[PDB]
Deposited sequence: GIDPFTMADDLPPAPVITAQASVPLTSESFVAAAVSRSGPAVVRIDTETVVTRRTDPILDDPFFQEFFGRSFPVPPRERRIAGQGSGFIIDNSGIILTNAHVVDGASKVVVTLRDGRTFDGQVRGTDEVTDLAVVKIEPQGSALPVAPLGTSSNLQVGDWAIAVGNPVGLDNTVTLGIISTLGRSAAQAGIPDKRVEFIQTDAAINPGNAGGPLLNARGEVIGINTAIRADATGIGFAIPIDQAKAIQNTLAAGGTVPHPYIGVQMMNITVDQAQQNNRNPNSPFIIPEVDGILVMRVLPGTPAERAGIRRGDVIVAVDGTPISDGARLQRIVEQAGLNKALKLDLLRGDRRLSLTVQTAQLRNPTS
C-alpha cells in the first residue's frame, strides 16, 4: 500500500518540529523535550518556538550551540500528551548508495519529504542527492527503515548532513550548556610534494621558494591564533610534529585534537630549520 518512504516518514516524521526565532526544522529525540537542530537554525537567539507536526506549540529554550559542528540542542517542557520521538540510527553503518530520506516540518502542520541516496561519506559530512531545502534543514535524515542517521543542513544537486553518531557524542555537553572542545592552531595548511616543490620553485612568480621536500606547507597564518602567536609564517613547511614526521595536513589535525585544549605542541619547520611550540586554543 505505502512505499517504504511513506512508511519511514510515518515512523519518524511525527517528531520533526518547526523552529522559529521570530527559521527551520528540528526533531525530538527524547520524551523529556530534547530536540536536535542546526546551529544556523537557532543561533544566536536563546528563545525559540517549537511546533509539533500535530500543531502543539512549545516555548523552546536553546540549550547551547556548537558552531564548529553546526549542531544545537533545544529543550521544551513535555506537558500533556507524550512528545513523539524519532529513533536514532548509527551513521557508521551507512554505505554509499544507501537510501536517504530528508524530512522537514517548515510549516508546522505537515512534513516535507525528499528522497535520494548517500552520495559520499567522509565535521565529516554525509553527502546526499536527497534535495535539502530551507525549512527542511535542521530536520532529520533517515535511512530506509526510518531511523535518524543525520541532521540536514542548508549548505549540485548535492546536500550535506551531519552524521547522527557525531550529534550523539556532542548531545550531553550541549544539553548541559557547555562548550564542545575544538582545539586548533590556526593555519591553512597544504600537503607539499617534492615534484610540487620543484614545480613551485621553477615558477619565477611563486610567492616563495619551498625546500623541495614532502611536508605540510603553511599557506596562511590566521590572525589571532596560536600559530600567529608562536611566530609561524606563511611559506613555512611543517616537517614534523614532536618527533613524528608528517606530510599530511589531515594527520596534523588529528594530532592537535588528540592533544586537547591548552596543550603545547612542538613543530619542526623549514623557513633554515626552526622549531616552535604552539599552544592549542579553542576554534571560534
Could you name the stretches of the deposited sequence that have no C-alpha atoms in this structure?
1 to 26, 49 to 83, 184 to 195, 229 to 232, 349 to 350, 364 to 367
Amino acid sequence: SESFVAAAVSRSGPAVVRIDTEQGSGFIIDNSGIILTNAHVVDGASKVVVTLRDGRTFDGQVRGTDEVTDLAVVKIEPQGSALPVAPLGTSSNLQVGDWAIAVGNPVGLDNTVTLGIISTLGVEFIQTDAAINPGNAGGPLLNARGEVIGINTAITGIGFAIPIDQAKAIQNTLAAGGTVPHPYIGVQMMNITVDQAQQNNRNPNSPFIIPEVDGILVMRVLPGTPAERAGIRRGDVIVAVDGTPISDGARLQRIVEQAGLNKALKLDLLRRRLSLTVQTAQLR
From here on, numbers count along this sequence of modelled residues.
Would 188 to 196 or 110 to 118 have the larger average of its C-alpha temperature factors, as given in the entry?
188 to 196
Quick note on 80 to 88 and 127 to 135: per-entry mean CA temperature factor is higher in 80 to 88
Of the options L36, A250, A230, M219, which has the highest CA B factor as deposited?
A250
Compare the CA B factors listed in the entry for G224, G235, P245, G26 and report the winner.
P245
CA B-factor placement of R272, once the chain's modelled residues are sorted into thirds
highest
Third of the chain's Cα B-factor distribution that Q166 belongs to, per the entry
middle
What third of the chain does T153 rank in for C-alpha temperature factor, lowest, middle or highest?
lowest
Which third, lowest, middle or highest, does the CA B-factor of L174 fall in along this chain?
middle
Place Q95 in the lowest, middle or highest third of its chain's C-alpha B-factors, as listed in the PDB entry.
middle
